[PDB]
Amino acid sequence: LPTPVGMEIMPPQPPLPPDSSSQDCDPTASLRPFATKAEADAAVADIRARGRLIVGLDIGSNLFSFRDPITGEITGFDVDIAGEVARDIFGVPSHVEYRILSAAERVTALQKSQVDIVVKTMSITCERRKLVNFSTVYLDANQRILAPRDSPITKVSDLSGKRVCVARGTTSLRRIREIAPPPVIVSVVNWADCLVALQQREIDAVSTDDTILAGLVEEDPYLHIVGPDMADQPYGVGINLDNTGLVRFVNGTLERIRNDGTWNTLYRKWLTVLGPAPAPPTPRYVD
């Protein structure tokens, strides 16, 4: 039976203070799109000259960026968001090259200019905004708990003393580190590994974005999502800190798809297992 490479039982730590998830920089405010098409096209001239948009994500995140088992094609909500950016740059969604990244590599890939954008369920936080830039919010998720249907776990305090799996490099870890008494924290490279670990009964529960958890439930209907909202997860397109022009450009793409029906279509395609489509997230601008 398979075993995820890189599984670590983390050293026990005292709980973090409850306000460790505070987000007081107003992190979700971003830059207004360009007023003219000429300004927008100039901001992406270097991408156009390279002939493709280079997008950081992975191919193992069900519903968001994965390989379709019927068609063999790379697909999902995040893949489609990235393709809409490419459509605005090139005229059609199909000039994209992917760089495969883990959750723990999203910031460094941007710092090192190894991708143009990261579209990989990337929560916008004050801490991350010191290192990278972000578009406006394109999907608002919330952290919850995934457990087998025969588990009595239904609330956060039930995680105390139990084995909870988290992918390294995620906001999900910080929130689990606030639980008192602590769970046993087991960390892995990606959320698909947590699913394997739960299937093999090496852990008791997984806690992350309900969107990501829904993709795991789709693969294993013996599991269900429980508990209250544990932490807001506002997704943004990650961009190099200094490429403010690309921030404005991507924010133009998001204005387009929020208002022309495409956002609604993408939610209905990928996320209806969580319920009826909400209104698209309202963008917030600093300027």
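Just count from 1 along the sequence shown to find any residue number.
The deposited model assigns a higher average Cα B-factor to 128-136 than to the other stretch when 128-136 and 74-82 are compared. The stretch with the higher mean CA B factor, choosing between 261-269 and 15-23, is 15-23. Remark: of 166, 203, 212, 145, 203 shows the highest value [criterion: C-alpha B-factor in the PDB entry]. Annotation for 207, 94, 171, 190: 94 ranks highest, by Cα B-factor. When the modelled residues of the chain are ordered by C-alpha B-factor, residue 221 sits in the middle third.
Among the modelled residues of its chain, residue 175 has a C-alpha B-factor that falls in the middle third according to the deposited record. Annotation for residue 33: CA B-factor lies in the middle third of the chain's modelled residues. In this PDB entry, residue 199 carries a Cα temperature factor that places it within the highest third of its chain's modelled residues.
Remark: residue 149 belongs to the middle third of its chain, ranked by C-alpha B-factor as recorded.
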